[PDB]
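Working notes for the structure below.
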């Protein structure tokens with residue numbers, strides 16, 4: 052069971068500023084991800100096996116489907132896979148380039164096939180003992196940059 056903090060910066064090509072958010076995450080080896088945005092507005096994303104639910108503030112949660120938010124499902128899959136050493140699943144959907152060692156590594160992912168290669172240009176992961184950075188670039192010049200820190204395993 053793994054938990055940490057994140058800072059997210061979303062750069063959308065047409066907006067005149069970047070959107071910054073932050074919070075915490077919790078992974079179990081049971082297959083669950085809790086992604087809790089704490090700033091600037093509270094939101095919760097919870098992934099269990101094949102189910103993703105979203106809660107905005109105190110509103111009722113809603114169930115997200117793969118057809119509606121594909122990058123969200125893809126990011127969750129890659130994120131969980133990296134923490135468990137699951138390059139097999141990543142490879143089913145992505146070309147993988149591993150650069151470096153344990154003191155420092157960078158993994159470049161590019162999607163293998165359509166339709167994922169129409170939506171994602173590349174995903175870059177960097178880390179040492181744990182992932183430190185994830186960057187998701189779409190095919191429309193938008194980028195999401197995530198920094199992970201204060202990771203603990205108890």
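Residue numbers (PDB author numbering): 52 to 205. For each residue, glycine too, the CB sits at the ideal point set by N, CA and C.
Assigned secondary structure, residue i (DSSP; H/G/I helix, E/B strand, else coil)
| i | result |
| --- | --- |
| residue 90 | strand |
| residue 188 | strand |
| residue 102 | strand |
| residue 194 | strand |
| residue 183 | strand |
Burial state of residue i (16 or more Cβ within 10 Å)
| i | result |
| --- | --- |
| residue 185 | buried |
| residue 66 | exposed |
| residue 178 | buried |
| residue 162 | buried |
| residue 113 | exposed |
| residue 70 | exposed |
| residue 200 | exposed |
| residue 98 | buried |
| residue 125 | buried |
According to DSSP, residues forming a beta bridge with residue i
| i | result |
| --- | --- |
| residue 76 | 55 and 86 |
| residue 129 | DSSP output for residue 129 lists no bridge partner at all. |
| residue 62 | 194 |
| residue 135 | Per DSSP, none; premise fails for residue 135. |
| residue 114 | 104 |
Extent of the continuous beta strand (DSSP E) run through residue i
| i | result |
| --- | --- |
| residue 160 | 156-162 |
| residue 147 | 145-151 |
Whole-number beta carbon distance between residue j and residue i, since they are thought to touch under 8 Å
| i | j | result |
| --- | --- | --- |
| residue 176 | residue 123 | At roughly 17 Å, the Cβ-Cβ gap does not stay under 8 Å, so residue 176 and residue 123 are not in contact. |
| residue 129 | residue 141 | 6 Å |
| residue 68 | residue 91 | Going by Cβ atoms, the distance from residue 68 to residue 91 rounds to 13 Å, so no, they are not a contact pair. |
Run of the alpha helix (DSSP H) containing residue i, from where it starts to where it stops
| i | result |
| --- | --- |
| residue 205 | Run containing residue 205: none; DSSP gives neither H nor E here. |
| residue 168 | 167-170 |
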